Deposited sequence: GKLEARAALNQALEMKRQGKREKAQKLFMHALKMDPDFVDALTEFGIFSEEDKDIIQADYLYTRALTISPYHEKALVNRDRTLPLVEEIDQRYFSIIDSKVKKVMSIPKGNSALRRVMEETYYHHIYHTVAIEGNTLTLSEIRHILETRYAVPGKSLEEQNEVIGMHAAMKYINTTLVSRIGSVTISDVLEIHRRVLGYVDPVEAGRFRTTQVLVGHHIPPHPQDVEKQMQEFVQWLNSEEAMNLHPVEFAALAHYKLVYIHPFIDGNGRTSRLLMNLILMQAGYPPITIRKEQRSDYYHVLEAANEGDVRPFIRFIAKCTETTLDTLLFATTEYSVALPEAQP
């Protein structure tokens, strides 16, 4: 297809021109094996070995025996594993520095509380500002010309995270299905008290993902909590356990609304219990956030794990520069 032109353009000059020809054949056919491999070898020329590996891994899900994809994948498979371990070791060092401090830190922890709420509600379309959120939570008075539902989403997030820190973070034992339901009972209670802390009774759609049928959610959630308390999950890096825990819940999509908000809270329950600070996926990252969750449905969870790992590093880089 236009892949033949992408190669011709790349053959002597035209790097930025060739980049668009590759994406065009990818838009016109996202399972075009030859375009994925070639794009893979192309992005490796710009030192983007992680993207190249995604492309060879993607091309081998379509055609498992493709010789040009296999030869490059076998090389890059262990290299990307090393590259990803190194990033998690950087994150571990920044967590040591942050967990080796106080009063100057307390001013950041207070600022991040409202800033967390602001992004977790804004990532779903809530129009309230940080200043309007501070008013709602400090004063307990309503903000003019903004809906009551938007302001109740804020009261719920505050209540949910107050319950987690009060009842769940410093608790000894296994995470139950009832703990997930208690978080959701507060996240959504002030908005929809009938559905809050109760599973989906209907079948829905999330982008292009069709989650399990309501008849299967309870069996799928008992399998999820087993996994949270499983020895395999305890041996994973806390950043990887937190990201997978988020993805599996958001995959199950057990509630009508508040699944991303609950998942983002559960994700932070994990991190905090492992000594990491709570992280925040900013409202500007919705496009990336949704792309890497879609990528995980397609077959590759790694881009979402790296997405969470970059979110944790920016959180740690905020606590370290304000010290």
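Numbered from the first deposited residue, the unresolved ranges run 1-6, 108-110, 333-344.
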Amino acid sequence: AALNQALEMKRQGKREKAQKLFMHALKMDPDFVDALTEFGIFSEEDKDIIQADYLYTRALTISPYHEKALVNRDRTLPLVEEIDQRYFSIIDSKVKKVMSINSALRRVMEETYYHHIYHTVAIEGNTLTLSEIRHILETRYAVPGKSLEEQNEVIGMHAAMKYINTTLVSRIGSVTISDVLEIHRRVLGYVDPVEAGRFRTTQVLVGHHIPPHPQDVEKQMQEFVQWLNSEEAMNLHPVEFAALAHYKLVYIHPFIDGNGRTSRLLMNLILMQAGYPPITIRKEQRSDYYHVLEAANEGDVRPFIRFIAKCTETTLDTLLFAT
From here on, numbers count along this sequence of modelled residues.
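Higher mean CA B-factor, judged across 24-32 and 283-291 from the recorded values: 24-32.
Comparing 267-275 with 62-70, the stretch with the higher mean C-alpha B-factor in the PDB entry is 62-70. Going by the entry's values, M99 shows the largest Cα B-factor out of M99, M161, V121, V204. Listed residues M234, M157, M221, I83 were ranked by CA B-factor as deposited; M234 comes out on top. In the PDB entry, a CA B factor belonging to the middle third of its chain's modelled residues is recorded for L77.
Among the modelled residues of its chain, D46 has a C-alpha B-factor that falls in the highest third, as given in the PDB entry. In the deposited entry, the Cα temperature factor of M9 sits in the top third of values across the chain's modelled residues. Among all modelled residues in this chain, the alpha-carbon of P212 has a temperature factor (C-alpha) in the middle third.
The entry lists a Cα temperature factor for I305 that places it in the lowest third of the chain's modelled residues.
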